[PDB]
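Atoms within each ligand, like the ligands themselves, are counted from 1 in listed order. Any value given below was found using the heavy atoms of this structure, including those in side chains, with hydrogens, waters and symmetry copies removed. Below, read A as the first sequence line, B as the second, and so on, with proteins coming before strands; counting in each chain starts at 1.
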Amino acid sequence: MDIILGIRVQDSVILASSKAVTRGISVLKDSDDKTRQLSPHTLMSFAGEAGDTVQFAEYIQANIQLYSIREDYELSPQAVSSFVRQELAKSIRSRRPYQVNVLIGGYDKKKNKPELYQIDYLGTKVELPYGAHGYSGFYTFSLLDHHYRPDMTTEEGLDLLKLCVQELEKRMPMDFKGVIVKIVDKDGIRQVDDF
Amino acid sequence: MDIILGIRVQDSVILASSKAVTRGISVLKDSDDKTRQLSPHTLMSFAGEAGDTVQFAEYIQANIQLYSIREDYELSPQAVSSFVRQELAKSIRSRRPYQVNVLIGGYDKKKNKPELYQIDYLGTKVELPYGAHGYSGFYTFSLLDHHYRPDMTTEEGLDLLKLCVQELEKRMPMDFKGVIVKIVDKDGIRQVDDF
Amino acid sequence: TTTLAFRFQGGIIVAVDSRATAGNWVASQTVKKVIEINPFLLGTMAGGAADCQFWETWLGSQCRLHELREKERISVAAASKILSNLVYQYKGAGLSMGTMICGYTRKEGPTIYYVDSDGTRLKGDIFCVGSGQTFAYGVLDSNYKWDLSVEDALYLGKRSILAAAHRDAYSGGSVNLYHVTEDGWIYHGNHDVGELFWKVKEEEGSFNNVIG
Amino acid sequence: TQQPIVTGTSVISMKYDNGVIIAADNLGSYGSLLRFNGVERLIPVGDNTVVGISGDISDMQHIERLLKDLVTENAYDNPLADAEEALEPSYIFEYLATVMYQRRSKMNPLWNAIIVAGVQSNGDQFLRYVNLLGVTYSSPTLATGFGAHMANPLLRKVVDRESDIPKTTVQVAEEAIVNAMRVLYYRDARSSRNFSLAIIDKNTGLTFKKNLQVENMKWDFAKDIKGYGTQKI
Amino acid sequence: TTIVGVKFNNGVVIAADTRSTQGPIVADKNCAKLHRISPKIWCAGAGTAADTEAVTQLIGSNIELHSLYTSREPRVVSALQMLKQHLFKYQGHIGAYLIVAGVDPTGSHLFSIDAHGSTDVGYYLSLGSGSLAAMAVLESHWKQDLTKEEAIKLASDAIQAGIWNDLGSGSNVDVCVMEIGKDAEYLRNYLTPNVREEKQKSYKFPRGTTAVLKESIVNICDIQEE
Amino acid sequence: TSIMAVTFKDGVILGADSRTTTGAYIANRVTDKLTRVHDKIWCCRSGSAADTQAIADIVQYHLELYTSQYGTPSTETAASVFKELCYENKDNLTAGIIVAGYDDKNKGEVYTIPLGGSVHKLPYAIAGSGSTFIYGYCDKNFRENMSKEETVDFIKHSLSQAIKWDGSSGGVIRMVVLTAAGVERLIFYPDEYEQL
Amino acid sequence: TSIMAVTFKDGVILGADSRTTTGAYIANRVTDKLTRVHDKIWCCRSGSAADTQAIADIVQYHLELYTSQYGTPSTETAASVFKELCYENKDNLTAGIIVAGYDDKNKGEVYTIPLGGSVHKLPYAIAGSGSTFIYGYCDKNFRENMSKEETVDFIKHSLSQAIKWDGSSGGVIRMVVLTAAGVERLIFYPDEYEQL
Amino acid sequence: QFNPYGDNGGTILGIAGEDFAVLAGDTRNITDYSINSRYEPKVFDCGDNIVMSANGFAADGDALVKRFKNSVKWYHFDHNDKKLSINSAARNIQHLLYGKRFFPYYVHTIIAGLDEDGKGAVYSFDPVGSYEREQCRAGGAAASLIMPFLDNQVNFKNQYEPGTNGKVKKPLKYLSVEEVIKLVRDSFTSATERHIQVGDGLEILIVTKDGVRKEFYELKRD
Amino acid sequence: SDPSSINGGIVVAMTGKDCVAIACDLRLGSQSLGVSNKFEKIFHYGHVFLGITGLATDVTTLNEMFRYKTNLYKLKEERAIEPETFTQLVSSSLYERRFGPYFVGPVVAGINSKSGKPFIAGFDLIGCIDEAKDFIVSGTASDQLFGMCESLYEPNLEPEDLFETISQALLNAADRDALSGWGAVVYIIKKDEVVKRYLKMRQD
Amino acid sequence: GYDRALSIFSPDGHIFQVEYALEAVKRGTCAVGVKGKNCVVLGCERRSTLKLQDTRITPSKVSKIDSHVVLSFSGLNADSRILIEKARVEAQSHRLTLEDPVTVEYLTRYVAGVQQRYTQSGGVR
Ligand SMILES: [Mg+2]
Ligand SMILES: [Mg+2]
Ligand SMILES: [Mg+2]
């Protein structure tokens with residue numbers, strides 16, 4: 001799929017993902033949720049080749065849910081991101097690789113810190129204050145480089161995110177039909193239903 | 001460029017053309033007028049390869065303006081469309097052909113009839129009640145086939161045109177940044193400044 | 001090819017054309033593009049004819065095995081996912097499918113899943129697939145409401161295929177209608193496009209561009 | 001997938017009233033080089049079958065070894081190996097046709113065109129074709145390669161349909177075959193003057209003729225031909 | 001296409017089949033492949049059908065003007081030289097494969113021409129997709145000092161071999177005989193061995209079977225007086 | 001093709017097979033590859049039949065016009081005209097020509113013009129696809145100042161072997177003898193040369 | 001390469017040049033192309049040097065193991081083992097091998113195995129790039145039941161011509177004589193064979 | 001490079017009557033511009049009152065027919081000599097074809113017979129196994145020449161009743177076996193005239209409750 | 001990509017007793033997209049009728065070209081051009097573009113005004129004349145047309161019977177071609193009257 | 001091509017062909033131009049030797065070069081059409097490249113340049 005954004009503020013991680021799904025000529029859907037909850041305090045958004053994206057995301061989800069039951073314990077965002085990276089790093093030298101890029105937003109309950117990880121289909125992992133995949137960063141990073149502060153509130157993070165989406169809606173040729181926004185904090189995962 | 005539409009109603013011809021201009025990655029302009037007035041009662045919209053479109057349109061404009069001065073007489077829409085077709089039919093077997101598709105909307109003052117001509121870059125001319133170029137017809141023709149009547153008013157034509165643009169804005173992947181609409185009737189050419 | 005399916009108050013309408021072509025040559029005007037998976041589930045045929053036929057009757061076999069083992073009707077979600085997981089295993093090998101898996105159960109209500117040979121599986125309210133899909137979308141989008149009657153919904157599906165059959169060179173022949181209820185699907189006949197076009201033109205006042 | 005290296009050209013054949021005739025020249029070409037001049041491309045199996053092979057010679061030698069092994073295998077625990085349970089032309093063909101189609105299906109063909117000629121137990125004439133693709137067909141006359149284009153037209157003037165077979169004697173049939181071999185020598189650049197001919201008759205059995213030559217050739221008219229148009233001297 | 005040429009005692013004969021094809025489809029069942037360059041110089045053509053006619057008429061036109069200029073009857077070697085030089089200049093792109101035959105004050109002649117411009121001399125020749133079938137017959141039955149009757153028989157037999165055995169050739173046999181000191185006799189449809197059998201059924205429709213929307217008289221006449 | 005020209009005591013003799021092929025089909029089995037560009041200047045043709053016929057016709061025209069103005073041309077002059085056409089049009093031609101002639105001053109001469117358009121004056125020359133198989137035989141058996149009968153035998157035996165091994169060569173062996181006495185054509189049939 | 005094997009009255013003789021090339025560079029000018037797979041069964045190698053060395057080493061292993069179980073193998077048997085390797089691995093090999101041997105029962109025998117992997121028993125055989133230039137010479141000059149001295153001269157003269165015309169062939173002419181008397185190696189240098 | 005496929009030409013035609021079914025095909029076998037055989041049977045009796053033809057690449061065609069005949073044999077062994085119904089045969093052939101989905105049998109298959117109510121039946125297959133029951137179906141080289149004619153003369157398409165002018169269609173009256181054979185012969189005679197790969201002979205297999213009967217007719221040999 | 005099947009369409013012509021008929025469909029498209037149902041492919045210059053299938057720009061261009069040429073012909077000759085002469089003009093005009101041809105399939109139909117003899121002819125894109133006694137076909141459904149005409153046609157049909165034969169030949173051929181249809185026209189041509197009939201057909 | 005020098009100097013430094021062209025202007029019907037404060041008027045003479053003339057269709061003496069510029073003349077009528085056509089083409093060419101209509105001075109400078117060119121070009125008068 002197309003645009004996926006992420007921003008880590010003071011006490012939460014915010015992920016924004018486009019709603020459009022395009023089958024070449026036509027837009028088949030304009031309400032698609034490009035994300036999966038891996039654990040109560042860990043969310044993963046994704047974008048890449050059709051089919052592979054959901055197949056990969058659900059496979060990861062199943063594995064983390066299996067771990068949670070076996071140990072009666074939630075893995076840290078860092079631990080989840082490493083597991084995901086290894087799967088993609090394994091995938092890139094397979095017969096047919098997963099063509100999937102992901103953002104992992106999680107709140108570490110031990111350290112009481114939000115964390116945002118950016119991983120591409122090759123298995124290239126980086127921890128960032130804000131990140132993106134595809135052409136999304138080309139339009140948004142200049143705004144984020146200017147306005148971002150590490151002590152931002154969740155409301156300030158959403159406002160900076162709106163400015164990013166407005167710039168995308170102005171200068172991008174494709175109509176991505178807006179974004180679904182989700183927040184990850186100490187209380188878990190919730191969706192902002194008006195954006 | 002992208003979407004150009006045309007519809008011939010009772011007493012006028014209406015042409016609608018997109019405002020966007022895209023240089024690959026970015027949308028450079030969102031207010032571009034893809035049309036030229038050939039004579040007081042004849043308008044031509046255009047879409048095709050960058051540069052060639054405007055070069056061709058202005059070349060045609062100059063020739064029709066030259067004819068008007070020499071004879072002190074306005075050529076009929078039919079006569080103008082035939083001249084344009086011959087230029088494109090000549091062009092297609094040149095060293096480097098004009099990659100330009102056009103719609104010609106005119107009001108014939110002799111017959112007191114509106115006329116709409118559709119011509120592609122090969123020099124393929126057809127007179128139609130409504131027409132389009134590119135993928136525009138794929139989305140709009142099913143609506144026009146249903147609602148169109150030969151005795152429609154200009155206001156009814158504009159309403160049917162709004163329904164076509166709404167369907168384009170829903171199902172097309174590209175953001176064409178709305179359309180500029182122009183009406184051609186017995187009193188000449190005017191632009192609808194709110195659409 | 002033109003195939004559509006949409007959700008509404010009274011369940012699901014499925015409508016398809018009947019034409020099959022090999023290049024410009026019209027091979028058949030009497031093709032069946034609705035696969036009757038079982039008395040409760042329907043699938044549409046677009047892309048590869050064999051791929052859709054073979055794997056959707058296979059799907060019926062898997063659904064039958066499920067309800068024998070679990071003593072319960074299979075969900076549309078589970079049925080669609082068996083098919084999508086199967087074609088995903090073959091990804092790269094050259095399968096060609098674009099289908100809508102349609103059903104109506106107690107727990108889900110009326111449900112439609114678009115399933116693709118590149119692995120895509122999407123839940124939705126309105127889907128339209130084929131070379132004439134854009135024409136059918138136009139009629140659907142401008143006339144669709146949730147509170148359509150069964151009679152009006154059936155006509156909307158019939159009219160939308162007609163719109164595609166007229167303009168799309170590779171769509172036509174005849175229209176096959178289906179109505180999916182909770183107690184199973186109901187067939188609503190075969191309608192020749194040639195006869196249907198003139199009937200609709202006169203009664204509706206549409207297609208004034210065409211002389212009749 | 002391979003390419004043929006050392007190759008053999010046309011095999012020609014036809015039915016007549018009491019049996020079948022088959023023929024093929026003794027050349028093994030290496031491209032345009034006429035490299036090997038003593039190659040036998042007709043291979044008899046028992047006293048009722050002759051298999052004629054064109055195309056790749058290395059693959060021909062392999063097929064020759066398969067047929068040799070087939071005779072050995074048929075004799076095992078078979079008291080009627082030289083009587084009722086002897087190898088028929090139809091058995092030999094079907095076996096080869098199976099192999100040819102299987103090999104093309106593994107994308108590793110035996111690069112040949114084969115004609116099996118023989119007489120069955122009940123006296124019926126057998127004549128059928130198979131090639132590298134596993135394609136098979138039967139006809140009153142059969143020919144491979146250039147023979148298909150030049151021999152068949154001549155042989156079809158003798159036996160044009162099924163009803164012409166009882167009306168065709170062995171003398172008339174052999175005459176037609178020998179003439180066709182001469183025509184192929186005139187016109188095929190990968191042919192030789194030396195050839196082998198085999199007759200399988202329901203009364204007189206298998207007659208195998210080696211070291212035959214093309215004779216009665218017309219070349220004298222060449223002396224009057226000068227230049228390519230205007231030249232007189 | 002099958003075309004042949006055969007020399008005999010006092011002249012030369014050419015022949016051809018009558019099938020022209022568009023891939024696997026038969027476009028015309030009774031095509032005329034024997035072309036006239038001049039009254040007593042005829043040629044048969046294979047390959048691109050437009051090219052064989054175009055090149056035959058151009059050279060035929062220039063041959064006529066040459067004949068008027070020189071006050072002499074045209075020669076086959078002149079037709080040959082003009083044809084090959086034209087074809088060589090176009091490097092094979094004009095896909096004309098011709099058998100040129102005729103009689104002139106010098107005698108009787110028979111040549112073949114390839115699309116690239118190569119020519120050759122012979123007593124018997126064949127060209128086209130059925131040339132191998134035809135040449136098989138010619139190599140089997142040709143001899144020196146053939147009579148007129150024997151040459152016509154041999155030529156038509158060679159075309160028949162092409163008709164029956166080559167899918168590119170079919171229908172009828174056309175012949176043209178050019179004898180010294182005589183008018184050239186063009187024998188159109190000399191043999192007709194492929195007449196279609198009567199059909200099982202008549203497919204004449206009842207009048208009014210077809211649905212009609214509009215009728216109107218078309219004005220083919222000029223603008224009228226009064 | 002198999003072609004050769006050989007100088008000897010009384011002049012020069014040209015030799016050739018008669019086979020013309022399109023692929024494996026023999027399009028003409030009685031071809032005349034020995035071609036006359038002047039009374040006692042002939043050539044042997046190999047390569048594209050169209051190209052070598054077009055070239056030979058142009059050379060014949062050039063030497064006819066030369067003769068009308070300056071009298072009989074030399075064999076060297078004929079070779080030069082061939083070379084000019086082959087060299088300047090090397091990109092568009094596939095021709096391998098051997099030029100052989102008899103003067104009274106220079107006697108028998110042979111010039112070979114390969115693909116590139118170079119000229120090489122030689123005591124004898126061989127060319128065509130079949131020539132590859134007789135480089136050994138010809139080099140061992142050629143002598144200078146042979147008699148007419150010896151030269152005929154040398155060419156007959158040589159082209160016989162070329163024909164035997166080269167599928168592209170065959171038919172009759174044509175020869176043209178160039179001496180002070182005049183121009184003599186010879187022909188040898190398969191039954192004769194195959195048993196050698 | 002230029003290689004050949006010739007049967008004669010007392011047995012068989014193998015012959016070869018000594019040039020190994022990588023393009024136009026002579027990678028080895030003193031190569032030994034005559035290779036021993038058994039006491040009196042040798043081979044001549046042409047084509048890929050890697051392929052023919054690998055094949056010959058495998059054949060030598062097969063015949064050594066054959067000898068330990070069943071006694072001395074026939075030349076026909078050695079040729080069959082070569083064929084099996086060349087035929088079954090035709091897609092991956094570029095090898096042209098001539099097998100020559102001496103039995104007491106069968107005397108001198110020669111088998112040639114071209115690219116495809118076919119087998120051909122012959123009175124004599126020639127192979128390699130240089131062989132093309134001596135097909136004519138060898139066919140005219142070979143006789144059956146020659147003496148040792150005549151056969152040495154036939155091979156010397158033949159490979160001399162092959163070397164003269166083929167750039168890929170050159171160096172010394174190696175020979176191996178196989179008779180009842182035993183195994184004799186011969187070598188002939190450029191100054192000797194060039195003046196022939 | 002090795003090409004595992006070829007084209008043997010040929011044309012086949014299946015028509016389903018009220019209580020009968022015919023499967024016809026020409027007997028000519030070809031490659032490029034040459035004739036391999038003037039009589040090479042292409043339509044086969046497979047047992048259980050079923051006739052079959054697999055037109056296109058003859059090697060694949062012969063392989064498929066051979067495997068189906070085998071499937072009929074083993075159906076009898078495994079299911080107590082039960083008669084294989086035409087619908088069951090059709091589904092079985094789909095699985096044979098789709099089994100080689102990624103290296104297909106390069107043929108267009110048609111079978112004919114009677115259904116379990118005794119009514120005429122024809123089934124049509126694409127190379128990879130998609131199939132339909134049909135009333136009328138031509139296959140192979142001259143299919144495009146034959147089908148439009150059948151639409152007009154069997155289904156009476158574009159034919160209306162005189163006097164009404166387009167308002168009333170010509171009624172779809174049932175055709176006899178004699179009437180169908182007339183249309184088959186005229187179809188192939190016309191195809192022979194205009195398609196180079198069609199000719200030599202026409203073999204028709206007729207299927208009724210009484211069994212399978214054969215008819216042969218000459219075609220033009222040029 | 002293939003210029004001769006971008007726009008689609010068909011033409012057929014037939015002879016009868018003292019009459020000729022020429023007919024065509026009305027579709028113009030951009031591959032799968034149907035663009036026009038009023039694109040007539042039959043034109044006439046005096047009493048000579050010309051049908052043209054293929055690339056639509058060339059169809060329009062050639063009509064304008066032959067109108068041009070037949071108008072100059074008439075002014076100089078002082079008489080209308082005949083079918084036999086016009087056939088040669090079409091052939092000449094097409095061949096002059098031998099190595100850059102118009103992608104068309106023309107069909108000529110008419111009656112000679114002096115002899116009264118019915119005449120039809122067809123051409124390939126490059127000028128080769130096919131002058132048949134019975135019928136001529138052209139376009140994207142030419143295979144289908146060959147099949148219909150070969151079975152439906154019989155010689156010496158009366159004008160009103162010929163109308164039914166050619167109409168059924170066109171209609172059923174067009175319905176087996178994706179790029180043909182959307183209406184049809186039939187011309188019945190006698191020595192001094194011509195009738196033009198539009199046919200009712202399926203619009204898919 | 002015809003290259004003859006028709007316009008040449010004479011011993012007294014005159015180009016007679018240019019001077020004889022002025023004598024043709026002297027023969028032509030009178031034309032007058034007057035500019036006011038906010039307008040310009042062009043007056044022209046029509047010789048009444050020609051009656052039975054159709055004044056609807058007869059070429060008018062004043063010609064529009066563009067919508068904002070006009071041209072009148074005295075002299076040879078056929079010659080003036082060539083200058084008028086060239087001027088009209090140049091007016092449209094200026095609009096096409098400069099995206100602004102010609103000034104009156106520019107249009108005059110062009111027409112005057114064409115006239116000059118025909119006084120030192122070979123083969124023309
Ligand atoms: Mg060397
Ligand atoms: Mg034929
Ligand atoms: Mg349609």
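Remark: F/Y25 OH is packed, more than 12 non-hydrogen atoms of other residues, nucleotides or ligands lying under 6.0 Å away.
For the Mg ion (ligand 2), the set of nearby N, O or S atoms under 2.8 Å includes one belonging to E/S169. The Mg ion (ligand 2) has E/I163 among its coordinating residues (N/O/S atom, backbone or side chain, under 2.8 Å). At a cut-off of 2.8 Å, G/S168 is not counted among the residues with an N, O or S atom near the Mg ion (ligand 1).
E/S20 and E/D28 share no side-chain donor-acceptor pair at under 3.5 Å.
Taking the Mg ion (ligand 2) as reference, the nearest N/O/S atom within E/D166 carries the name O.
Separation of the C/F135 and B/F138 ring centroids falls under the 6.0 Å cut-off. Aromatic pair C/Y137/B/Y139: ring centres not closer than 6.0 Å.
Listed by chain and number, the protein atoms of type N/O/S under 2.8 Å from the Mg ion (ligand 3) are C/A165 O, C/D168 O, C/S171 O, I/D204 O; waters are omitted.
Remark: side-chain polar atoms of G/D17 are paired, donor with acceptor, to backbone N or O of G/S2 under 3.5 angstrom.
Between E/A161 and E/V137 the shortest heavy-atom distance is CB-CG2, 3.6 Å.
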inquiry  = With side chain to side chain contact (heavy atoms under 4.5 Å, CB included) as the criterion, how do E/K29 and H/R194 come out once you've worked through the C-alpha distance, each side chain's angles and the decisive distance to 0.1 Å?
reply    = CA-CA 8 Å; E/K29 296 187 287 185; H/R194 292 288 173 178; 3.8 Å; yes
Please tabulate, for the side chains in residues 188-196 of chain G, all donor-acceptor contacts under 3.5 angstrom to protein atoms that are two or more places apart in sequence or on a different chain.
from: G/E192; atom 1: OE2; to: G/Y189; atom 2: N; distance (Å): 3.4
from: G/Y193; atom 1: OH; to: G/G171; atom 2: O; distance (Å): 2.5

